[PDB]
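Participant: Here you go, one structure.
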Amino acid sequence: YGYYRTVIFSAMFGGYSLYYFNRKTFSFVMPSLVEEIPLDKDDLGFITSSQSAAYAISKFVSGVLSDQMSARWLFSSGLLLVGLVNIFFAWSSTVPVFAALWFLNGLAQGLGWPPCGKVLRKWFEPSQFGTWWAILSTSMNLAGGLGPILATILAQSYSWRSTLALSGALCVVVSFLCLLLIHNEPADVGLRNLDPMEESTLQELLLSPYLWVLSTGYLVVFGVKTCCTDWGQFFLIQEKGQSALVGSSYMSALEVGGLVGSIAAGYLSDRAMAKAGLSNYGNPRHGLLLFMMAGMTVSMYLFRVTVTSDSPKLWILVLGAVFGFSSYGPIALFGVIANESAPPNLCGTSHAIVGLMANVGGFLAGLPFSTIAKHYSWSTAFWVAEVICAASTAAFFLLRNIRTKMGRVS
Ligand SMILES: O=P(O)(O)OC[C@H]1O[C@@H](O)[C@H](O)[C@@H](O)[C@@H]1O
């Protein structure tokens with residue numbers, strides 16, 4: 001019975017890794033193109049913006065669609081389309097064709113997660129859902145970590161035209177293999193399907209306060225994380241008077257702390273869920289959620305106040321790691337909670353809505369924050385961000401007891 005789980009999880013891991021690698025291959029192979037074709041910065045910004053917009057639309061559309069359609073076919077079709085786009089990218093010469101192909105790639109990138117989430121929910125009991133979710137989500141981290149080395153090594157021996165086509169062909173072959181391997185439901189194999197604890201309707205799903213509470217929480221958390229990640233180096237350089245290498249080390253520490261935080265949050269949340277009992281109200285992951293948001297606020301306060309022009313690098317690295325931990329925990333916890341608590345027949349819609357709120361929150365922490373910083377100072381902007389985070393965490397603590405199982409009310 002575990003052999004099927006092992007095979008399915010390995011197939012999903014490989015598929016998602018190839019997804020992310022061929023999403024980032026363009027930035028990986030930037031040089032050979034820039035010294036092959038005289039491209040300007042505006043054109044590259046245009047291409048990246050087109051891909052980002054296509055992916056942002058395709059995430060919501062793919063979630064809503066995968067709420068209904070099968071998982072194996074959708075996953076394989078997405079991977080095949082991405083591979084074909086990467087193949088066609090190797091013969092392109094003019095910028096408009098580059099932009100059109102990359103927009104198509106961004107559209108096809110949306111069919112990556114929702115099938116994996118649906119299969120993971122259908123095949124795994126709730127006591128391991130969060131742990132295996134985090135383990136699967138580390139695949140994109142691995143691909144990003146091991147991309148540039150391979151890209152540079154291959155470019156040192158061959159041009160990009162021989163680099164993108166090979167990856168596209170690999171995508172096609174792996175897509176066919178994953179179509180062969182992945183099984184959507186245990187009953188298809190011929191086993192005993194899991195029994196969950198009157199189909200729900202979107203009308204009676206949208207009228208649940210817990211969904212809006214979760215959406216607001218994710219908006220706030222994602223906005224704060226994006227703001228800190230964007231402007232930490234500038235805050236450390238312009239006023240604190242440090243060096244650039246300190247900023248680079250602080251970024252690396254934040255990334256490592258974030259990875260560790262995501263994995264630890266998943267593991268501890270799964271352990272607490274398994275140990276605790278069953279009830280309609282509340283959710284066992286709320287304790288870890290609130291603890292990590294408290295870590296958010298405390299780390300922000302200490303970084304804003306204590307760090308001065310005469311502080312050792314060790315303090316800065318420790319603060320960065322702690323903030324990364326406490327900021328990459330709740331981001332995964334919101335996704336796990338949003339997928340799990342939803343009724344089985346509407347698992348993707350909640351995740352899609354939460355992601356759209358995440359997009360709005362990520363927008364909110366862009367130009368307005370820079371405007372505020374350039375108006376008064378950087379410290380004032382970080383102070384208002386900290387106040388927002390503290391108010392949000394207090395409000396979320398007050399509403400820990402509201403009904404969680406959204407959908408049909410009996
Ligand atoms: O593409 P999506 O829908 O945003 O999924 C990716 C991320 O979505 C978040 O909701 C999850 O918490 C993360 O674990 C996951 O990595």
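FYI, residue positions are counted from 1 along the chain as it appears here.
Structure determined by electron microscopy, 3.6 Å.
Heads up, the Cβ atoms here are built off N, Cα and C, so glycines get one too.
Here's the feature list from Swiss-Prot:
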TRANSMEM  79-99  transmembrane segment
TRANSMEM  100-120  transmembrane segment
TRANSMEM  134-154  transmembrane segment
TRANSMEM  162-182  transmembrane segment
TRANSMEM  204-224  transmembrane segment
TRANSMEM  245-265  transmembrane segment
TRANSMEM  287-307  transmembrane segment
TRANSMEM  314-334  transmembrane segment
TRANSMEM  353-373  transmembrane segment
TRANSMEM  379-399  transmembrane segment
Participant: What parts of the chain pack near the transmembrane segment (353-373), using Cβ distances under 8 Å and only residues at least 6 beyond its ends?
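Facilitator: Distant contacts of the transmembrane segment (353-373): 56, 59-60, 63, 211, 214-216, 218-224, 226-227, 230-231, 334-335, 338, 380-381, 384-385.
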Participant: Which sequence positions outside the transmembrane segment (287-307), separated from its termini by at least 6 residues, show Cβ-Cβ distances below 8 Å to it?
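Facilitator: Residues 221, 224, 228, 236, 240, 261, 265, 268-269, 272, 315-316, 319, 322-323, 325-327, 329-330, 333, 337, 379, 382-383, 385-386, 389-390, 392-393, 396-397, 400 contact the transmembrane segment (287-307) from elsewhere in the chain.
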Participant: Cβ pairs under 8 Å with the transmembrane segment (245-265): which stretch of 79-99, 134-154, 314-334 has the most?
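Facilitator: Result: 314-334.
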Participant: Any contact between the transmembrane segment (379-399) and the transmembrane segment (162-182), i.e. 3 or more CB pairs below 8 Å with pairs at least 6 residues apart?
Facilitator: no
Participant: Same-chain Cβ contacts of the transmembrane segment (79-99) under 8 Å, 6 or more residues past its ends?
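Facilitator: Contacts with the transmembrane segment (79-99): 15, 18-19, 22-23, 25-26, 37, 39, 43, 46-47, 50, 105, 108-109, 111, 160-161, 164-165, 167-172, 174-176, 178.
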Participant: Give the nonlocal contacts of the transmembrane segment (134-154) in its own chain as ranges (CB under 8 Å, at least six residues past its ends).
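Facilitator: Sequence-distant neighbours of the transmembrane segment (134-154): 9, 12-13, 16-21, 24-25, 28-29, 116, 120, 163, 259, 262-263, 265-267, 332.
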Participant: Most CB pairs under 8 Å with the transmembrane segment (204-224): which of 100-120, 162-182, 314-334?
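Facilitator: So the stretch in question is 314-334.
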